Each structure stands twice: as structure tokens, then as C-alpha cells.
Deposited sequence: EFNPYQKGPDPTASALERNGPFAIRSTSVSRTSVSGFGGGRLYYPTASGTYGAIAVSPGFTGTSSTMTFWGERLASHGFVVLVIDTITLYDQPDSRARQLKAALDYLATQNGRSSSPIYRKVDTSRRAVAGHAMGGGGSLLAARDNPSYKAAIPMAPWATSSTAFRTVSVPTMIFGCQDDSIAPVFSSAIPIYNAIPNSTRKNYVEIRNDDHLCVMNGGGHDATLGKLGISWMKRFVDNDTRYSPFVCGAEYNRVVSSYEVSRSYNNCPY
């Protein structure tokens, strides 16, 4: 009995579409929060306590460019806050701090009976994700906050790959072959559970056309690590992953099994 397990036993097709949790979304206003630029909160309406995921857009990106991830993750049983940055021009380090703020905001809101997500978040199970500089942001957050359960940097950008040589959070990186992501993956300690999947734009991961495959891989990673849902092992390490990776995928690395 995994107490964090949610949703039906997984299938490829169910992971290639919006999931079985009905979700609502609300706007988090800039005026309500000091540590980030507000954003879009997606949450399963169904009773329960869920893992919390904060997702960063990249450089000049808005929460609206990442709504795919809000809906896709939340609809498979996560509370997902797609942040807007304090400015469009915020660097990775600032995106990292804003992702950490967004997760702390989710923990604070969890405890307020005023909040639609009152008692809906397991504040012990947090993950980060983001696109480009938001990817670098997610990975810096995960570096600084090893209690986090998972990171998914998608087309990650940073000024240094050696910055990630202490990452201790299970990290799935998405690459777009015709775009940095590999030096980042190589820098992560091989003692850290990690996975690289290269799709064949820079915004091939952004709201992209490989939505099916990237969504499946991403939900699977959050399930496996945020929920400890070993039902998804076939989808991140086993026969299903190997099917995905063998097809659309130019290259993949991992240190499977986990």
C-alpha cells in the first residue's frame, strides 16, 4: 500500500491525453504574492491530498505558454502552479527562487480555509519543472532544495553546466535535437536518478507537437517520484519507455533501473 498512489493502473493511451481527474484552474494575481509573478493554478476537484508541482516558463514566457503542462499534470492527480515571472527577463537563478516561492505559496494556501486548494496539497511532496531558462530555474531549485521529489527541465538553458554537479533530485531532461541539455545531464551526479529524452524547435516542449510523448514521459516521472508510484517504472525505465525511446526520440540516456 503506497499511501500516495492515485488514479487507475497506467496505459500509454491514458498518458497521451488529459487524465481522469477533473480539474479547475484559477489565476494567482501578482498583487497576492511577493516571491513570484503569480500565475495559473490547476488542481484536481476530487477529494485527497496531492503532490505540488511548480512550472516555470522560459525567457519572455508567460504561464499561458505552459498551460498544456498545467492541465496534463493536474488532470493525472497533481496540484500544479504554472508561474509567471516577476519580469519576462528574469534569469535562471531568479526563476529558481520564484519556483521555490510558488511551492511555498502552495504549502501556505494548503493551510487556509479561504483557498480552493485547502488541505488538497501534501506539502512534503513537491517537484519543479520548466522550459529553457525555466528549465535551468527548475534544476537550480532542485539543487538548492534536495527535499524536492522530482525535476523536469525541458530544453534547459543555463550559463554553466557545472552548476548542476550536486543535483540530488530525480531529474528527467527533455531535449529538442534541432535547438546545452546534454552537458547539464552529464553534470548531474550519476548517483542521482536521471533520464534524458531528446525529441526530434527550442519550443518543441512548449504548449510543440510532441505533446503526446513528452506529456506521457512527464506525467510518468512525476507519478514515479512525487507519488513513489512504481506502477510507472515501465514508462520511465522498462519496456514502455524503451518503446518510446526506440521510435521521434533521436537519443536518450538514463541510469535505469531506479
item: Deposited-sequence stretches lacking C-alpha coordinates, listed in sequence order; value: 1, 181 to 187, 209 to 210, 218, 259
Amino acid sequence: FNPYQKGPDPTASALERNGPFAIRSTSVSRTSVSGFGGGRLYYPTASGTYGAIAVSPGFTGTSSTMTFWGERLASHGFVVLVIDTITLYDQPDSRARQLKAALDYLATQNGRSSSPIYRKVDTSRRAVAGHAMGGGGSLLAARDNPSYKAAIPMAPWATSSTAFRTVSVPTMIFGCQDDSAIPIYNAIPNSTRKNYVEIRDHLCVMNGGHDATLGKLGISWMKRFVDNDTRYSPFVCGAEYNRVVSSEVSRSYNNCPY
From here on, numbers count along this sequence of modelled residues.
item	value
Average Cα temperature factor in the PDB entry - higher stretch of 144 to 152, 157 to 165	157 to 165
Selected stretch [higher average CA B-factor]: 170 to 178 or 118 to 126	170 to 178
Deposited CA B-factor, highest of 233, 213, 47, 56	213
Identity of residue with top Cα B-factor, from 220, 60, 228, 195	60
Residue 202 CA temperature factor, ranked by third within the chain	highest
Chain thirds of CA B-factor: placement of residue 66	highest
Residue 92 CA temperature factor, ranked by third within the chain	middle
Chain third (lowest, middle, highest) by recorded CA B-factor, residue given as residue 183	highest
